[PDB]
Number of protein chains: 2
Amino acid sequence: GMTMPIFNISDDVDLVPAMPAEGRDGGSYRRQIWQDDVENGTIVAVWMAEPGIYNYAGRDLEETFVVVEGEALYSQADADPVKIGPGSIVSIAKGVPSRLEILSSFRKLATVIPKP
Amino acid sequence: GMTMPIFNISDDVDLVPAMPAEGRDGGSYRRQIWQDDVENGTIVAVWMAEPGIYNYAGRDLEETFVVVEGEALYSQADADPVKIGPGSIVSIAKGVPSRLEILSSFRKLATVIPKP
Ligand SMILES: [Cl-]
């Protein structure tokens, strides 16, 4: 029959370099999985990152992600970092800055709703 | 979480019972994590289910989920089943039926995009 649209988050395939970690010029990668064919459509993508520090300014979008592999110290805005790991699910509102201090090779599936 | 919108897929918090496996009367729950603040927008939710057969007809929605806990034999339409487990990412197009034979206590995080 036909092959189903099933992917393995662990597989390093079609990963495109994304944000580098502080102090070096590499660290994270993104793999788009699905995008709606409407303007400002919902996007689902894999983000993988190696240990290091990743700072994100507030962005014009809503995101919810789930961690499948790895651990990180995570914060939004002025909150003290909290440890997240496999099974953690995180939502971050439009315009809210965030920081990930990745502790071990980390993979999340992220749902992004553009809010231009 | 106490300080941020950090949830854990393993928490049995704000559960809503969901349709059980065909030969069962419980062991199936949903937990809504996030919904877009529009009339009929994207929803991100946990589903947690015990071993058994779960059949779904095609629905007027697009979905992508990732398995975080447990294993299942999984098929869509006329495809031969494949075993999915932690890290498996599955997309289901509008109108495509599916069958999930859960083999061990299962939790997924699903993104659902309504498509009337
Ligand atoms: Cl928290």
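Residues numbered from 1 in each chain as written, not as in the entry; some residues may be left out. Chains lettered and ligands numbered in written order. Heavy atoms only, no water. Residues with missing side-chain atoms left out of burial classes, pairs and counts.

What the entry reports as its method is X-ray crystallography, with 1.640 Å given for the resolution.

Asks: Just checking my understanding: could you explain the pairing of strand 10 (residues 98-102) of chain A for this structure?
Replies: For a regular strand, side chains alternate in direction, first toward one face of the sheet and then toward the other. All names here are of chain A. Every second residue of strand 10 is oriented toward a common face, the buried set being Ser98, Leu100 and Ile102 and the non-buried set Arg99 and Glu101. Strand direction decides the pairing type here: strand 5 (residues 52-56) and strand 10, joined by five bridges, are antiparallel. Within the sheet, the bridge partner assigned to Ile53 lies in strand 10 and is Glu101. Where strand 7 (residues 72-76) meets strand 10, five bridges bridge the pair, whose relative direction is antiparallel. What sits directly across from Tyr74, in strand 10, is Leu100. (Buried < 20%, exposed > 50% of the residue type's maximum accessible area, 1.4 Å probe, protein only. Helix = DSSP H or I, 4+ residues; strand = E, 2+ residues; numbered from the N terminus. Pairing = 2+ DSSP bridges.)

Asks: Would you mind showing me how to read the UniProt feature "domain: (S)-ureidoglycine aminohydrolase cupin" (unreviewed entry) in chain A here?
Replies: Mapped onto this numbering, the UniProt entry gives "domain: (S)-ureidoglycine aminohydrolase cupin" (unreviewed entry) at residues 45-108 of chain A. Spanning residues 45-108 of chain A, this segment combines 0% helix with 62% strand, and its end C-alpha atoms are found 8 Å apart. (UniProt positions renumbered as here; feature names shortened; annotations may be inferred.)

Asks: Help me understand the relation of the copies chain B and chain A in this model?
Replies: Between the two copies of the chain lies a relationship made up of a rotation around an axis and a movement along it. Expressed as a screw transformation, the operator carrying chain B onto chain A has a rotation angle of 180 degrees and an axial translation of 0.2 Å, and the superposed copies differ by an RMSD of 1.5 Å. Taken together, the rotation and translation relating the two chain copies correspond to the operation of a two-fold axis. When C-alpha distances to the rotation axis are compared across chain B, the minimum falls at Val68(B), with a value of 3.2 Å. Interface overlap between copies is the fraction of interface residues in one copy that are interface residues in the other; for chain B against chain A it reaches 92%, indicating a shared surface. (Least-squares fit on C-alpha atoms. Contact = heavy atoms within 4.5 Å.)

Asks: Got a minute to help me understand the sheet that holds strand 10 of chain A in this structure?
Replies: Backbone hydrogen bonds hold the strands of a sheet together, and the pairing may be parallel or antiparallel. Residues and elements named next belong to chain A. With antiparallel pairing, four strands are arranged side by side in an open sheet as 5-10-7-8. The sheet is open, and its two edges are formed by strand 5 and strand 8 (82-84), each paired on a single side. Strand-to-strand twist of the sheet, defined as the mean angle between neighbouring strand axes without regard to direction, takes the value 25 degrees. (Axes fitted to C-alpha atoms, helices over the stretch in contact; angles between N-to-C directions.)

Asks: Mind showing me how you'd approach the pattern of salt bridges here?
Replies: As a working rule, side chains carrying opposite charge can pair if their charged atoms are close by. Tallied over the entire structure, the rule returns 14 salt bridges over all chains. The residue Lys108(B) makes a salt bridge to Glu63(B) at a minimum N-O spacing of 2.9 Å. Of this pair, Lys108(B) sits in strand 11 (residues 106-114) while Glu63(B) sits in strand 6 (residues 61-69), and the two are 45 residues apart along the sequence. Across this residue pair, the class does not change: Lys108(B) and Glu63(B) are buried. Each of the salt bridges in this network shares a partner with another, and the network as a whole consists of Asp12(A), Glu69(A) and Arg107(A). (Salt bridge = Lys/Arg side-chain N within 4 Å of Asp/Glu carboxyl O.)

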